[PDB]
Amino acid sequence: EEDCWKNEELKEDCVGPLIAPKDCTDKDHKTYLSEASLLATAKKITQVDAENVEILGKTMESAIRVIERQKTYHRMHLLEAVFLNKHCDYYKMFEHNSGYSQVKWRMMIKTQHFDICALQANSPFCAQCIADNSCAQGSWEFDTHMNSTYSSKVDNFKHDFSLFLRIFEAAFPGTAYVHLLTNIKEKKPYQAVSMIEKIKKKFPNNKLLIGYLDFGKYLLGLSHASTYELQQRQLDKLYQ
């Protein structure tokens, strides 16, 4: 298990989709400040902090912009915990194939396309999951189809890898994306995979999601992932 409050480091068991409540009771009644008052009575946050969560705007897109701005795990986690306690169905919706919290990433995944799916479209991910949206298959042949192709053409690994990141930040802004970026900067891509696997376990029915995630697990295994270097705005998303 994990104590996300005592931890001064981000650990994968503490990223947003793993720490959200599983379900909710009355979302319309709660506000950020009320749920923060509750964390204070729990002795998780101070009364000072709870009165300081007005830093999240009234709107949801704003709250997320603030959360993304944070430069420490303590602050980012506190804001995420208030946020997801007010929107308690936020990651609950990822249990299904639609939802408001999914709009950004589904749109992105169905619009921005990978280069590998263009180069050879025979692989079941491209021709079955991304197109047909089925994704009920547990069996993808990733290696047979894509290994030599990424081996040869490195800039299409660069493109597909950065695309995978853009999508991941649209799905899970905050701690989860920061954890992933961080394992990449350190030149240890595969240590993100553990988190990804735990994410898969939470949303068994989101078939598009599971497919995309398995593809990312794949890209992270490629040697080319350890040679990838981050653009300046990605580096900015990290911690001080």
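Numbering starts at 1 and runs along the sequence shown.
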{"item": "143-151 set against 71-79, stretch whose average Cα temperature factor tops the other in the entry", "value": "143-151"}
{"item": "Mean Cα B-factor comparison, 208-216 or 38-46, giving the higher one as deposited", "value": "38-46"}
{"item": "Highest-ranked of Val193, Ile199, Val53, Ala176 once sorted by CA temperature factor in the record", "value": "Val53"}
{"item": "Given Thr111, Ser101, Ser123, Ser162, the residue at which the Cα B factor reaches its maximum", "value": "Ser123"}
{"item": "Within-chain third of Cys24 by Cα B-factor, per the entry", "value": "highest"}
{"item": "Relative C-alpha B-factor of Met93, binned into the chain's lowest, middle or highest third", "value": "middle"}
{"item": "Entry-reported Cα temperature factor of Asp132, expressed as the chain third it lands in", "value": "highest"}
{"item": "Ranked C-alpha temperature factor of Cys117 among modelled chain residues, by third", "value": "middle"}
{"item": "Cα B factor band for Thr182 (lowest, middle or highest third within the chain)", "value": "lowest"}
